[PDB]
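Coordinate inspection notes
Take a look at the letters that make up each chain.
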Number of protein chains: 2
Amino acid sequence: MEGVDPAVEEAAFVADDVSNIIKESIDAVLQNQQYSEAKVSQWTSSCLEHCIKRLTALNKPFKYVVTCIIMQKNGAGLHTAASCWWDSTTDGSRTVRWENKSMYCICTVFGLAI
Amino acid sequence: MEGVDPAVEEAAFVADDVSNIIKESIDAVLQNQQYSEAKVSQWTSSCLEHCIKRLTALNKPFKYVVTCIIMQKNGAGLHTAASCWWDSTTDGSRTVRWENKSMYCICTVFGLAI
């Protein structure tokens, strides 16, 4: 009763504004062409440019970061770590996990308040 | 003519001040105890706290971020992506890759100029 695994297991709860841009971008940055390993990483890189470029067009918020991590297969181990200093202004961090069949792609948009 | 693989293949070229703190921290955050899978990720998390806490003691620079990614084994696939908005003040990004025998641990310190 599955067949396909499309955004079946999304992560975090990003705002509507950023959630749509980032996701719509993956939809295009990943569906634009066929599954290419050379693109398996470049994909998300283009999304980052297609996420940042869009956020600038919308200009809201102002200061925002766009990072993502590619999860090759399911058996592969992936773990990131990050401890930031003090900065209430630059606080957002909204991660999302995209999935299709097996390969997973996580992308987090950091909505920093100026 | 190898035997061991300790920081054999370091990444980037972080400043002396941050390079020592971060590395000295891994040395402790990873050598403090025995190799534990439960700690394989918590390790770098403690380093992040032992990196951030130190940077505060040194208070230089001021605004700094501390993130890291764990590379389980060598066959496992790991890829991160991040596109940030405009901000010349918050620009540093210095990554380092630690290695011992097989498991790799990357940690990047973001030295932001206030």
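Residues numbered from 1 in each chain as written, not as in the entry; some residues may be left out. Chains lettered and ligands numbered in written order. Heavy atoms only, no water.

1. Details of the sheet that holds strand β3 (residues 94–99) of chain A
The strands making up a sheet are joined through hydrogen bonds of the backbone, oriented either antiparallel or parallel. Read across the sheet, four strands follow the order β3(A)-β4(A)-β1(A)-β2(B) without closing on themselves; strand pairing throughout is antiparallel. Because the sheet does not close on itself, it has two edges, and the strands there are β3 of chain A together with β2 (79–84) of chain B. Sheet twist, expressed as the average angle between the axes of neighbouring strands with direction ignored, equals 15°. Contacts from helix α2 (residues 37–58) of chain A reach β1 (63–71) and β4 (104–112) of chain A together with β2 of chain B, with the element oriented near 165° to β1 of chain A. (Pairing = 2+ DSSP bridges. Helix = DSSP H or I, 4+ residues; strand = E, 2+ residues; numbered from the N terminus. Axes fitted to C-alpha atoms, helices over the stretch in contact; angles between N-to-C directions. Contact = heavy atoms within 4.5 Å.)

2. Regarding the packing of aromatic side chains
By the definition in use, this model includes four aromatic pairs over all chains. Consider the rings of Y35 of chain A and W43 of chain A, whose centres lie 5.4 Å apart with planes at 80°: the pair is edge-to-face. Of the residues examined, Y35 of chain A reaches a relative accessible area of 39% and is grouped as partly exposed. Relative accessible area serves as the criterion here: at 7%, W43 of chain A is assigned to the buried category. An angle of 50° between the planes, with centres 3.8 Å apart, marks the rings of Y64 of chain A and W85 of chain B as tilted. Of this pair, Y64 of chain A sits in strand β1 while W85 of chain B sits in the loop between β2 and β3 (94–99), which puts the two residues in different chains. The pair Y64 of chain A / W85 of chain B is uniform in exposure class, with both members buried. Looking at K101 of chain A, its charged tip hangs above the ring of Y35 of chain A, at a distance of 5.9 Å from the centre. (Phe/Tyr/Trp six-rings, centres within 6.5 Å; stacked < 30°, edge-to-face > 60°. Buried < 20%, exposed > 50% of the residue type's maximum accessible area, 1.4 Å probe, protein only. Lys NZ or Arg CZ within 6 Å of the ring centre and 35° of its normal.)

3. Regarding the packing of helix α1 (residues 16–31) of chain A against α2 of chain A
The packing of two helices is summarised by the inter-axis angle and the distance between the axes. All names here are of chain A. As a packed pair, α1 and α2 sit with axes 9 Å apart at the nearest point and diverge in direction by 140°. By the angle between their axes, α1 is oblique relative to α2. For the element pair α1 and α2, the recorded crossing hand is right-handed. Of the residues in α2, those touching α1 at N20, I21, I22, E24, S25, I26, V29 and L30 are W43, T44, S46, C47, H50, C51, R54, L55 and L58. When grouped by side-chain class, the residues that make up the contact of α1 with α2 number 10 nonpolar, five polar and two charged. (Parallel < 35°, antiparallel > 145°, perpendicular 65-115°, else oblique. Left-handed = near helix turned anticlockwise from the far one by under 90°. Nonpolar A, V, L, I, M, F, W, Y, C, P; charged D, E, K, R; others polar.)

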